[PDB]
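Per-entry structural report
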There are 4 protein chains.
Amino acid sequence: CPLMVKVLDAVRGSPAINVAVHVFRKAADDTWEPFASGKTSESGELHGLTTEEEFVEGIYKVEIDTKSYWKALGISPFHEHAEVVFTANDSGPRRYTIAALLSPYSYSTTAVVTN
Amino acid sequence: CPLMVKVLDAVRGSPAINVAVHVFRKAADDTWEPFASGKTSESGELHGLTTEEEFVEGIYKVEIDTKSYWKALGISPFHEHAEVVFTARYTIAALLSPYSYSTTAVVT
Amino acid sequence: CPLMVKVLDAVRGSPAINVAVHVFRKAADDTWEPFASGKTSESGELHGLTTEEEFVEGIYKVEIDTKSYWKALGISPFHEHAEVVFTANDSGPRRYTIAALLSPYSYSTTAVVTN
Amino acid sequence: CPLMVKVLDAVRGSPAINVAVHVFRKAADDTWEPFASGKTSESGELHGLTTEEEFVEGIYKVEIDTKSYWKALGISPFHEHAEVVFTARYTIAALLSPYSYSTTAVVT
Ligand SMILES: O=C(O)c1ccc(-c2cc(F)cc(F)c2)cc1
Ligand SMILES: O=C(O)c1ccc(-c2cc(F)cc(F)c2)cc1
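Now for a description of the structure that goes with this document.

Parameters at a glance
Residues numbered from 1 in each chain as written, not as in the entry; some residues may be left out. Chains lettered and ligands numbered in written order. Heavy atoms only, no water. Residues with missing side-chain atoms left out of burial classes, pairs and counts. Pairing = 2+ DSSP bridges. Helix = DSSP H or I, 4+ residues; strand = E, 2+ residues; numbered from the N terminus. Axes fitted to C-alpha atoms, helices over the stretch in contact; angles between N-to-C directions. Near = heavy atom within 4 Å. Polar contact = N/O pair within 3.5 Å; in protein donor to acceptor, adjacent residues only side chain to side chain. Areas by Shrake-Rupley, 256 points an atom, 1.4 Å probe, with all protein chains shown as cover. Buried < 20%, exposed > 50% of the residue type's maximum accessible area, 1.4 Å probe, protein only.

Topic: the sheet that holds strand 7 (residues 79-87) of chain B
Spatial ordering of the open sheet is given by 4(B)-3(B)-6(B)-7(B)-7(C)-6(C)-3(C)-4(C), a layout of 8 strands whose pairing is antiparallel. Across the chains shown, the open sheet's two edge strands, defined by having one partner strand only, are strand 4 (32-39) of chain B together with strand 4 (32-39) of chain C. Geometrically, the sheet is characterised by an average inter-axis angle of 20° between neighbouring strands, direction not taken into account. For strand 3 (residues 20-26) of chain C and strand 4 of chain C, the ladder comprises 7 bridges, and the chain directions are antiparallel. Following the sheet pairing, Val-23 of chain C is matched in strand 4 of chain C by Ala-36 of chain C.

Below you can see the structure in the form of structure tokens.
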């Protein structure tokens, strides 16, 4: 249950559906290694990215493919993607929700971290 | 200027121009009385609302007519307007989308 | 299920718990009439404000008592409250989620409206 | 100026001052090469990053070191930094909180 991504659309007032998300974890040599990926559901949520055992301490990047999302609607957006980079699990296991709110020339993101 | 409003459009990536803004001060009977108003400029800014002399401590409401703004672009928006209510340099900034806005105060 | 409010805290990375919310509906004479109220739960959600039958077409104001929230933490915030004013159900019944993200000198809000 | 960055602090309601900002351009082999950098001023602004001559079409990354900013205020923040990636007047604005940020592009 440890990592979840939620994406909303501020233009349509809806979940952002079928948004591709890629998660990377920084490796020893400081390269970004592929960690997990998926697509948001009809409710704009992405679950089952990882397990408690696999989501170890480290620096993670969640890249939300906002450009493919807007291009799929028809709209030539500003950003290539929205990145969320963070250290995770560095004082033990936490549950992380990464939420993003998308517009063609703006996005926000926030984290909810619980124990 | 003691009070400035700045309005940006999050969809087009542009200042939000010609947006109506009305400011009210809270009266003793808890009603809102008109204080100042204007339209945003080509840079999405509204200055000249008040002077330091008039802008005393009080509760103020800044109402931004986001609904007319979006309608004129052909978009049905969600909010009737965007209201920012605070007690009192103040900059009230607003970033608009059809179903969302944000607002921040830069008090310098 | 027709009206829900979700509030997050951007300072703590947590749901905003025990935030008071008052909902008003504009009356014939253009006064704001009390409609519903409650407090956000431990997950920062507020459900059971109204029923499909009672939530008729109209203009509604959802006032989120952000100042009492921050004052309860210790922080003297900028805003008195966050207001969300909107016309509801004017092309039939919709389900409305009103979400807000709070910081002492800033908030955002977004609507998710589904059918 | 073709490119300006502006950074605001959503908690204190202030410009975010002395924030490090680094800009990278995407190279042909898909790597990020350094382009320009600076610290935000007392108004939370960074100008002088580039000239029109140098700022050609390309994919750019603006990295804002939000983590050092928050740490210096005694706050453990969530993000390592805030990255804004786009293809190319550009203003990149960022509004910061410890567990949240937003960003917008005002292209005028
Ligand atoms: O919370 C937001 O979405 C947000 C709100 C306002 C701004 C912003 C505020 C300013 F005063 C100037 C600017 F360029 C951008 C940037 C982001
Ligand atoms: O800063 C914002 O605009 C913003 C970003 C995300 C959310 C949000 C996050 C969630 F996990 C759920 C929700 F309903 C809304 C609400 C507002």
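Section: the site of ligand 1
Around ligand 1 sit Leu-8, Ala-93, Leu-95 and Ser-102 of chain B together with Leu-8, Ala-93, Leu-95 and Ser-102 of chain D, and that is every residue in its neighbourhood. More than a single chain frames ligand 1: its nearby residues are located in chains B and D. Within the side chain of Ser-102 of chain B, a nitrogen or oxygen atom sits 2.3 Å from an oxygen atom of ligand 1. Taken by itself ligand 1 offers 410 Å² of open surface, and the protein chains cover 93% of this. When contributions to the shell around ligand 1 are tallied by element, the ones reaching two or more residues are strand 8 (90-97) of chain B together with strand 8 (90-97) of chain D.

Observations concerning the environment of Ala-27 of chain A
Residue and element names in this part refer to chain A. Among the secondary structure elements, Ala-27 is positioned in the loop between strand 3 (20-26) and strand 4 (32-39). Owing to a relative accessible area of 22%, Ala-27 belongs among the partly exposed residues under this scheme. As for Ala-27 and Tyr-60, which are separated by 33 residues in sequence, their C-alpha atoms are 9.8 Å apart.

Read these as spatial facts, not as claims about activity.
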